[PDB]
Each structure stands twice: as structure tokens, then as C-alpha cells.
Amino acid sequence: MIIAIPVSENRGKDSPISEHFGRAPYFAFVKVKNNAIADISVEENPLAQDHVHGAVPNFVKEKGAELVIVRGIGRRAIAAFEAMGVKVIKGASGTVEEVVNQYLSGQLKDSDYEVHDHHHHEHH
């Protein structure tokens, strides 16, 4: 798995979480190897506060990912996940090296949100 985290700044491990994934300035895609971080990719956003389209997620959907750990987020970014079943854990607060601990520590989670009665079309 790779683990996305929108951060206010590229500060490696010390990257403090941003709220709004859809206009995060950087994406700290951490990894895991068995049960340890393995590796880090805090890459720039190609679209932090720029074109404003469905292309912020189109980028991270090439970045090989599996999990996302986000504070605020919104439905267009959920629709990125939802192309690829890419888990979106929500409600984190703190720093990237700690988010990854809070999840591995079992605490961090994604509640219950996949009611199958209603939609707004799909729309790719």
C-alpha cells in the first residue's frame, strides 16, 4: 500500500496535515513494507491552486496508491478512490510520521459511508 496525506507544506515527516485534499499544496504519499513505512514520496501537487478540475485526483491515480488519510476532503476526491476502491481514512490531525503511526496503531479509520440507495449520477 501507499498512503496519501495532503500537507500544508513539504516538511518530510514533519509535514503538518492540510485540510482540503482537492487544493493541498503537496501530497505526502508514504508507503509501507509489511508493517513499516518503507519509503516516502512528498511530491508537489501539479494543481495545488491552479487549473481547478478533476485532474488533481487523475494525477494521484497514476501514483500507484491504495490508502488515503485526509482531514476535511470532499466528494470529487472520494470519486478518485471510488474508481479504484482506494481506501479513504478520514479525521487525522498532526504530522505525516504520526498519521502513519495512528493508522498502524489501529485507531485511525473511515467510519461507514457507502449507502447504496442514492447518487448524483456517477459522472466519470
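Residues numbered from 1 in each chain as written, not as in the entry; some residues may be left out. Heavy atoms only, no water.

Method of determination, as given in the entry header: solution NMR.

Chemist: Even after reading the chapter, I still don't get the nonpolar core, so can you show me in this structure?
Modeler: In globular proteins that are soluble, nonpolar side chains generally tend to be buried together. Among the nonpolar cores identified, the biggest contains 18 residues, and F21, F27, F29, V60, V68 and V88 are the most heavily contacted of them. The set of elements that each furnish at least two residues to this core consists of strand 1 (2–4), strand 3 (26–31), helix 1 (55–60), strand 5 (67–70) and helix 2 (75–84). Setting aside chain neighbours within four positions, we find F29 in contact with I2, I3, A4, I40, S41, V60, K63, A65 and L67. Formed by 16 residues, the second largest nonpolar core is a distinct cluster that contains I17, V30, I69 and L108. (Core = buried A, V, L, I, M, F, W, Y, C linked by side-chain atoms within 4.5 Å. Buried < 20%, exposed > 50% of the residue type's maximum accessible area, 1.4 Å probe, protein only. Helix = DSSP H or I, 4+ residues; strand = E, 2+ residues; numbered from the N terminus. Contact = heavy atoms within 4.5 Å.)

Chemist: Is there a simple way to think about the environment of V32 in this case?
Modeler: As for its position among the elements, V32 is in the loop between strand 3 and strand 4 (40–44). Along the chain, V32 and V100 lie 68 residues apart, while their C-alpha atoms are 9.2 Å from each other. Each residue touching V32, except ones within four places of it in the same chain, is listed here: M1, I3, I37 and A38.

Chemist: What's the story with the UniProt feature "domain: Dinitrogenase iron-molybdenum cofactor biosynthesis" (unreviewed entry) in the protein in this structure? I'm lost.
Modeler: The sites that carry the UniProt feature "domain: Dinitrogenase iron-molybdenum cofactor biosynthesis" (unreviewed entry) are, in the present numbering, residues 14–104. Along residues 14–104, the helical share is 27% and the strand share 21%, with 18 Å between the first and last C-alpha atoms. (UniProt positions renumbered as here; feature names shortened; annotations may be inferred.)

Chemist: Explanation requested: the packing of aromatic side chains in the structure shown.
Modeler: Aromatic ring pairs are described here by two measures, namely the spacing of the ring centres and the angle between the planes. All chains considered together, the criterion is met by one aromatic pair. Ring centres of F21 and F27 lie 4.4 Å apart, and the angle between their planes is 25°; on these two criteria the pair is classed as stacked. Exposure class is identical for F21 and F27. Each is buried. In this arrangement the basic side chain of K90 is found over the ring face of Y113, its NZ or CZ atom lying 4.7 Å from the centre. (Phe/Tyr/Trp six-rings, centres within 6.5 Å; stacked < 30°, edge-to-face > 60°. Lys NZ or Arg CZ within 6 Å of the ring centre and 35° of its normal.)

Chemist: How should I be thinking about helix 3 (residues 96–104) in this particular structure?
Modeler: For the α-helix, the turn length of 3.6 residues means that residues three or four positions removed from each other point alike. Within the span of helix 3, buried status applies to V96, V99 and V100. One side of helix 3 carries all its buried residues, which in axial view fall inside an arc of 95°. Just past helix 3, the residue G106 takes up positive phi, approximately 85°. (Arc of directions from axis to C-beta.)

Chemist: I keep staring at a nonpolar patch on the surface and nothing clicks. Help me out?
Modeler: On the surface, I37, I40 and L104 cluster together into a nonpolar patch covering about 220 Å² of accessible area. Along the chain, the position of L104 falls in helix 3. (Patch = residues over 30% accessible without salt bridge, like charges linked within 9 Å, V, L, I, M, F, W, Y side chains within 5 Å. Areas by Shrake-Rupley, 256 points an atom, 1.4 Å probe, with all protein chains shown as cover. Salt bridge = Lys/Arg side-chain N within 4 Å of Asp/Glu carboxyl O.)

Chemist: How should I be thinking about unusual backbone geometry in this particular structure?
Modeler: In most cases, non-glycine residues show a negative phi, while peptide bonds are predominantly trans. Backbone geometry at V52 places phi at a positive 50°, although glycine is not the residue there. With respect to the element layout, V52 can be found in the loop between strand 4 and helix 1. The phi dihedral of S111 is positive, around 50°, even though this residue is not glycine. Looking at the secondary structure, you find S111 in the segment after helix 3.

Chemist: Is there a simple way to explain helix 2 in this structure?
Modeler: Taken residue by residue, helix 2 has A77, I78, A80 and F81 as its buried positions. Across the axial projection of helix 2, the buried residues extend over an arc of 145°, all falling on one side. Exposed residues pointing more than 90 degrees away from the buried face of helix 2 are listed as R75, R76 and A83. Elements that come into contact with the buried residues of helix 2 comprise helix 1 and strand 6 (87–90). Looking one or two residues beyond helix 2, the residue adopting positive phi is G85, at roughly 55°.

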